[PDB]
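**Student:** Before we start, here is the structure in question, set down as structure tokens.
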Amino acid sequence: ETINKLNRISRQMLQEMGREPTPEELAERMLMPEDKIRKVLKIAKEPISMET
Amino acid sequence: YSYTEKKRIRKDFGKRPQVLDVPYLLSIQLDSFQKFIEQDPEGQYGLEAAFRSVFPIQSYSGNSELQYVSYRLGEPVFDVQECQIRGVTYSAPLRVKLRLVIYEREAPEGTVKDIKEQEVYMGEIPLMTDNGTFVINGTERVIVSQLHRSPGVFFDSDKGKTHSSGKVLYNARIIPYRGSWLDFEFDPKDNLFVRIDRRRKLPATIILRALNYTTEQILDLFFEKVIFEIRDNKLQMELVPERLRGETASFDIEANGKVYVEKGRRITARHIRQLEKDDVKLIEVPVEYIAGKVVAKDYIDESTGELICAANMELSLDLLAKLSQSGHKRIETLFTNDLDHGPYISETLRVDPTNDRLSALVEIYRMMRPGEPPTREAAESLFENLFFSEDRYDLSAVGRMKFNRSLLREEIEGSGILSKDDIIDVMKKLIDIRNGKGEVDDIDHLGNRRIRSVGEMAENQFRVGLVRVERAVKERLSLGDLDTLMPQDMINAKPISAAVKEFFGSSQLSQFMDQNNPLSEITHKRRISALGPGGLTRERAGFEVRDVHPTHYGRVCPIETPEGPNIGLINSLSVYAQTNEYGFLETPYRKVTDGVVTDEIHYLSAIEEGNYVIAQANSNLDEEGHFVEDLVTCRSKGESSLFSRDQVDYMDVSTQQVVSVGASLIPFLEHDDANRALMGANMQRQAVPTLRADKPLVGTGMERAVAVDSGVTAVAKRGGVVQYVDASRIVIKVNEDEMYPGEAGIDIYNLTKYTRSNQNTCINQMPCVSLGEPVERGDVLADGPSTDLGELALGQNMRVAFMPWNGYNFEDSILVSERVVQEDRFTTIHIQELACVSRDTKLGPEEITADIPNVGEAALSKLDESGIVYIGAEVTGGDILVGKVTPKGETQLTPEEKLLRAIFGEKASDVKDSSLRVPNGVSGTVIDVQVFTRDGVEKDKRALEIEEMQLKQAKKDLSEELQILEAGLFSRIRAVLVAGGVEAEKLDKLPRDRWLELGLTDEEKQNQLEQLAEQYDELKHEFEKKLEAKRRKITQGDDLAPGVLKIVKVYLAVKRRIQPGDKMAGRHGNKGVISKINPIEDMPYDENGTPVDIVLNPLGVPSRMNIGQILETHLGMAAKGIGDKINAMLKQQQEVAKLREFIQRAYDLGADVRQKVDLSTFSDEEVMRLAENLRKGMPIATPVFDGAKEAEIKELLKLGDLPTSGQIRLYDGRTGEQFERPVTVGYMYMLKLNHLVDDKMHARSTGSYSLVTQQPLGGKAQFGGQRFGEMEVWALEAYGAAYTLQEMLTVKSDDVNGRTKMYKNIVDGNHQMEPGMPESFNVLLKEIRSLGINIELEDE
Ligand SMILES: Fc1ccc(-c2n[nH]cc2-c2ccc(NCCN3CCNCC3)c(C(F)(F)F)c2)cc1
């Protein structure tokens, strides 16, 4: 759910900020410690097929 | 004549005048993208069109509509250079206006509220440079133009191979730009069939029913009518007298009280003429002749209301009686002939499973989406959505054009969707082809071949983005609340941005520009490909499409194509070629009206050129330009022969127009076999630039055009005088006539200095002009890499001798004097980009610190306090460029190691050394360093030193700009003030800043002063904002990948000269690999005592027939001759008269050439410089097929003092004794391709290993071993060597135990192997056992 909210913020602030919000931008928009973005933003990614 | 031509003139042989001069060679690349991104106030291709296609997006019936207004492209975030340094893409933000309207519910249509969302941002679209290149990640890239089957209809054969009964078959294919394919095809039974895409075959008529045609209308469409009357009683018939052609009388043919034909007599032209002139409309026939006739329409009994006969049924003697008593006067039958008008459609109906529209639609819907229950709305929707929907189907303009044209229609433009008339007409043309009238087209013809380019493809990918955003918009407009959301919340960025990013980043047609070379660039940018999307595959299409077509003339170069797996699937664009208005290929021609050859140029496409008889590039006309012979070699349709004097409509523009820019650079090409010419033009692009750009001694005259058109050089924007010349920049003072009134001016050129090319070569510009020199507009200000004085030098010319030398030249091998490696001419400068990545590991972050566990003071010396290498420090293999350390704690050592630590009291660090070091064996100097930092992380010491440095250099540069500019402007104000109020000594006294107050008498000059005021201030503030922006760009943290804290990129410049194992080649397809580097002492020399640079092998010349390389040598020699003479006459310092005389003599050369010449040029200062440049050798031009002749070469050799033979006496530098026989010595232009051996060389003992299956793999760029394949194994099998093989596939590679147990024995001095079982087979055992299969190893 956290990841999803993080996506919402991106969707709104993307054209609003003109390029994309900085990696620390959605951080304050989100309630939690806000460096967590990076951490979360990493673990969210699905592993690439080794057969790619 | 121009100003750099006064510096150097190339002597040009050849006769034919150039009626047209070579255009911009980059035309295609720039024009395409020029069309893509642009504002076109109509449906012509561009972002506008692709917008107007999918838009406006309306919801499903909900009357919430999203309409597109207009768009714009924002200024680039980083400019080209900055984007190249940092590694981001050079692109513009796309800002598009969207208007969201909501219709009041239960309208007459009117809007509750329409919110216009101002320019929602979707994606960033890449930009093309002035050179036709894109920068994707810090790297220039080119998008190859595509060649595919043009949209439209097409008729083919497929005779032969199918069925082996012959009879051919005939098929039609409708290929749209977008949407499903529509196919028609016959069969051996002459039943017409239709298939959508490659899918299931259906009887043709089944589609017609879906267009709502009853059987009656199908028959009425495809056949004529044979009328039968029962009048009085018993069987008359209407007769069109032409109907009896190609047929024999079945009975007595008689009417009008006169018997025209009798039974058993074939009806000929005579009978038919007799019937025509006597005008027999109606004849009497037997009741038995209709036994085979096929009834046209339906027939029912008027009384009983029952069906007597269905449409398209074979009548019988009894059926006739049954419909006759019902009161039927007339019967309509098909007109059927097995020769002229064929009975195909009828039998097609005979195989048709359906009856009515709905039924056909059912079979179609169950064809396209089989197994799932068909529905009425489903079949209707699918079928209407296939070829008939504006959304899912377009042939576009080229498609509709070629379609209508091939159907022999009038309209050249029409709807993008098919019509009943369209499909029907296509079927008609196919049936006509089977009937014997009309011919089948061929796929290889360039009229059926269409060229796309960057713009079109980018348009298509963006189109896909727009459709995937359309689905989303309609998805959201479904449940939407009214005034809350706007055209932002729905439309995303990532889908579009990635739609374009995927295209430019990875695509088979998008590639890294091949820049090792100005020829390579420009020849890459002009290229065609039949591969990729919309095209065929190498595995699919065979020899035909690859093979050179007659239509390739003047459009596609016959001799330049790759030699590999894809041959002729690429080709290249011809010199004078152009993309047609519709997107075809057209080539220049000269119109011949009446008996004269007119100098008016004409462009003819592949089909346009077809019927006209075109004359030859090489032909003899004179005076008024009338053909000198009474018949001349020409080519009319697909072939060539002798044609009558006045027949020919046109003539070739130039002699070169058949070939490309690569082939046009080969001297004496006409004398080379096509294979070796191919190989030659193929290799000429692989030439690495030299340290000193030389010049070709033996030229063509194209090299100038390649040099200038390609962006490697620096060309004057406007003519003027040079104010300043630095190795850094060049400042030119503009002439007034070319100068704009405002902002005064001077044109400042910032030259590219040493930097990394795509191929890891060096790209560096050098100034070709001096302080205070006149420069014409469009003149070369600076030379790029491999360009000399405005020409293209891809390599260096040298003295070469053909003769076997001690077998050191053995196959193609090259034997080169030490004089060459000493002169450092063939030396090359490589620029490598190395990187160091600071990452985040769960054990901790990685430090770039200069504190590295286990390194001597010598190792940490070349690094500063921060851990990065100093700019300029020369390094070699093993040197540390960037110190990097990553945490790994608790080594977990063992007992003996613990004892060792106990004795030696060493603290084993918790840190591991990851530092980036120069790859083994390579060595060079550091020309630059960059530090990218995550935004917000503290910049270390080095990065801050660098940042401050860059800031200072920035301020200095900008200040220079503003200063030279301001002085340039005030210098103009000074001049304008002097008209109308001149004060000479008075004005320059008072401070310049106070000049603007002073006015002038009433005139326009006051308004000019005003202009310069305005622009002055503009520049003044523009400086400010530019400095601000530069500062922010320097200081800002560059965005980085996940986990990477900082990145340090070091730029090395390696200088490698030449060594045995390197590849070198002429322009003629003659390769070689340098064998030995031989002392000047042992070199063959002539009586004059001048050694020869290179010794080639004569045996290479006869077999591969390239005789040009010999001619090139001879003329080359002669060229140098003209140089040497001059070189003496200057060293004699004779005078202007003697030199002038000799040079003129040289430039004249017997009779009949087109060069012209001097003494319009200044007799002293200009001439002496010309000779000064000529003294190296006299540059000669040999136009492709117009080139020099033997007699001309010998004649120039006479002027040279050198023999006609081109051969002289040579002596072995070893024994000093003469060589028997004369040997050929001359000057051959030679290229160093980059195959260089210190790249190619690899060796491995024990390296890393692959995880999944344990096998040798390079992870360090420490190479994996060689691959031992099946054939090598067989070769080991033929020999009795078992152990070599076993160790080859067990211990040396695949055995995880075997390799180490081996290595230990190898160092122990015991050669053995304890093989074990290979890990491949071991894994395979599990893979087999992972299934329901039990695989075991038995016995003992
Ligand atoms: F530019 C030129 C110069 C000379 C000739 C020429 N002069 N005399 C005969 C030929 C000749 C005839 C046919 C072909 N190839 C096959 C093309 N046919 C037409 C329809 N498509 C398939 C078959 C060629 C060529 F160039 F391909 F080799 C040359 C033709 C063009």
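Residues are named by chain letter and number: chains run A, B, ... in the order of the structure tokens, numbers start at 1 in each chain, and ligands are numbered from 1 in the order shown.
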Compile the residues of chain A that lie within 7 Å of chain B, evaluated using only C-alpha atoms, and express the compilation as a PDB file with C-alpha atoms, in the first residue's frame.
**Tutor:**
```pdb
ATOM      1  CA  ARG A  11       1.476  10.683 -10.892  1.00  0.00           C
ATOM      2  CA  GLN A  12       0.311  14.078  -9.577  1.00  0.00           C
ATOM      3  CA  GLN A  15       3.766  17.147 -14.828  1.00  0.00           C
ATOM      4  CA  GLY A  18       7.667  19.808 -14.867  1.00  0.00           C
TER       5      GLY A  18
END
```
**Student:** Give me the residues within 7 Å of residue B:969 as a PyMOL selection string, counting only C-alpha atoms and dropping any in the same chain fewer than 5 places off.
**Tutor:** chain B and resi 743-745
**Student:** For the selection just defined, write its residues with C-alpha atoms to a file, as a compact mmCIF listing (two decimals), in the first residue's frame.
**Tutor:**
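So the final result, stored in again.txt, reads:
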```txt
# COMPACT_ATOMS: atom_id res chain seq x y z
CA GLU B 743 23.79 43.42 -32.20
CA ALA B 744 26.73 44.35 -34.47
CA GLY B 745 28.69 41.20 -34.47
```
**Student:** Taking only C-alpha atoms and all ligand atoms and a cut-off of 8 Å, can you tell me which residues surround ligand 1, written as a list in words?
**Tutor:**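 The neighbouring residues of ligand 1 are, in order, residues 442, 444, 445, 547, 548, 549, 550, 551, 552, 553, 635, 638, 639, 640 and 641 of chain B.
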**Student:** Write the selection just made, keeping C-alpha atoms, as a compact mmCIF listing (two decimals), in the first residue's frame?
**Tutor:**
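Printed below is out23.txt as written:
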```txt
# COMPACT_ATOMS: atom_id res chain seq x y z
CA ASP B 442 7.68 -7.63 -58.74
CA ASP B 444 12.21 -5.93 -55.77
CA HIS B 445 11.19 -3.00 -57.98
CA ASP B 547 20.08 -8.91 -55.40
CA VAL B 548 20.74 -5.67 -57.27
CA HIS B 549 17.76 -4.47 -59.32
CA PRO B 550 17.93 -2.33 -62.47
CA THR B 551 15.83 0.16 -60.50
CA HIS B 552 18.73 0.53 -58.05
CA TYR B 553 20.35 2.81 -60.63
CA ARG B 635 18.89 2.25 -71.12
CA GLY B 638 15.10 -2.48 -67.32
CA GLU B 639 17.93 -3.03 -69.80
CA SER B 640 20.55 -1.28 -71.92
CA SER B 641 21.43 -1.21 -75.63
```
**Student:** To test your reading of the structure, identify every residue in stretch 975-1164 of chain B that backbone DSSP assigns to helix (DSSP H, G or I), and report it as a ChimeraX atom specification.
**Tutor:** /B:975-977,984-987,992-997,1004-1035,1080-1082,1100-1103,1108-1131,1136-1148
**Student:** With a distance cut-off of 12 Å and only C-alpha atoms, select the neighbouring residues of residue B:428, excluding the residue or stretch itself and same-chain residues fewer than 2 positions from it, and output the selection as a count of residues only.
**Tutor:** 30
**Student:** Which neighbours of residue B:311 fall inside 10 Å, counting only C-alpha atoms, when residues of the same chain fewer than 5 positions from it are skipped, and could you give them as a ChimeraX atom specification?
**Tutor:** /B:214-219,294-299,332-333
**Student:** Take the residues from that selection and write them out as a JSON list (two decimals), in the first residue's frame, keeping C-alpha atoms.
**Tutor:**
```
[["chain", "number", "residue", "atom", "x", "y", "z"],
["B", 214, "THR", "CA", -26.52, -11.65, -52.36],
["B", 215, "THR", "CA", -25.33, -14.38, -54.74],
["B", 216, "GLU", "CA", -27.20, -12.63, -57.56],
["B", 217, "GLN", "CA", -25.16, -9.44, -57.17],
["B", 218, "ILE", "CA", -21.89, -11.36, -56.97],
["B", 219, "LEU", "CA", -22.68, -13.02, -60.28],
["B", 294, "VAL", "CA", -25.28, -21.26, -65.62],
["B", 295, "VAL", "CA", -28.36, -19.24, -64.61],
["B", 296, "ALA", "CA", -27.66, -15.74, -63.28],
["B", 297, "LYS", "CA", -30.52, -14.59, -61.05],
["B", 298, "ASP", "CA", -33.10, -16.44, -58.95],
["B", 299, "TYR", "CA", -36.15, -17.90, -60.66],
["B", 332, "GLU", "CA", -30.14, -14.82, -67.81],
["B", 333, "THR", "CA", -26.98, -16.91, -67.81]]
```
